[PDB]
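Contents: one structure, followed by commentary.
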Amino acid sequence: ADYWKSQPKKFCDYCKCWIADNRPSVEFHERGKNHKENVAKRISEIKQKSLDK
RNA sequence: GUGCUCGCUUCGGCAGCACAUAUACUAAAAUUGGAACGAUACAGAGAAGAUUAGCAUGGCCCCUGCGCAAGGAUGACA
């Protein structure tokens, strides 16, 4: 009925997802098992690609 | 198994004869695995432009100053 305003949204490139820009959602996404798995896979991929390079 | 052979043979039996002709995912049981968008937990504006303030540039019209080029009209006795 008046000026709509959207909450900020943060892209997670480790998890290839979207979450909310606020303390609780970002903090909960940090402690997710999927987030840790994606971070570990990203680190492993970085090291493997550097070795192949 | 039933019934029959003028069979051996006795009613205790035997040999042969006619009919019977090929079912089943076959299964009662064996085990260890991988598992929600269902709940709770979090977030939740779950549909808007992703803006407005100056100055300078660019266009048009005058005015003023300097330079370049080409010129017009005029003025001056002893």
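As a convention, Cβ positions derive from the backbone with ideal geometry for all residues, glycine included, and neighbour counts pool all protein chains shown. Bear in mind that the values in this text are calculations on the coordinates, not laboratory data.
Full extension of the chain between A:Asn34 and A:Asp2 yields a length gain of 7.7 nm, computed as 0.36 nm times the residue separation minus the alpha carbon distance. In a Debye calculation with equal point scatterers on the alpha-carbon sites of chain A and no solvent, what is log10 I(q)/I(0) at q = 0.16, 0.20, 0.29, 0.31 Å⁻¹? The calculated log intensity ratios at q = 0.16, 0.20, 0.29, 0.31 Å⁻¹ are -0.59, -0.76, -1.08, -1.15.
With a Cα cut-off of under 25 Å and a minimum spacing of 8 residues unless on different chains, the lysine pairs in chain A number 20.
Dipole size of chain A about its Cα centre, with +1 on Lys/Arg Cβ and -1 on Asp/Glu Cβ: approximately 220 debye, rounded to the nearest 20.
From its DSSP helices (H runs of at least four residues, each -39,500 (n - 2.57)), chain A gives a residue-normalised ellipticity at 222 nm of -17000 deg cm²/dmol.
Amide H to amide H, with H built 1.01 Å from N, A:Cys12 comes under 5 Å of A:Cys17, A:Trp18, A:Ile19, counting only residues 5 or more places away or on other chains.
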